[PDB]
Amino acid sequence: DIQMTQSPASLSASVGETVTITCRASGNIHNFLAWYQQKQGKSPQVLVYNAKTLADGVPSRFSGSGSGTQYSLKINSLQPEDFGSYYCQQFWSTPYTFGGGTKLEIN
């Protein structure tokens, strides 16, 4: 079971600043990583799949990077509507696993 580990856990920043969420995998997942944004009480929406491919309709500020076991999700200019919960998942190992999550606050 490939277990993911999100570093920020609880992220706080202001409007316009650059933030980054990392996601370290226990084993190699070969860029089979997806990022999701979930709002309170609603379903998650994919932001970046296949490590770096930006999903359709996602603003350009969301960027995906990394390779092998370490990956990242960067936000260029943080926006007041970017608050919520962010998750990383891997779809390489036989039992798919999500990260711990990262709550994002905007001051």
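Numbering starts at 1 and runs along the sequence shown.
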| property | result |
| --- | --- |
| Mean C-alpha temperature factor, higher of 64-72 and 47-55 | 64-72 |
| From 21, 25, 13, 88, residue of greatest CA B-factor | 88 |
| For residue 31, the third of its chain into which the C-alpha B factor falls | middle |
| Residue 100 CA temperature factor, ranked by third within the chain | middle |
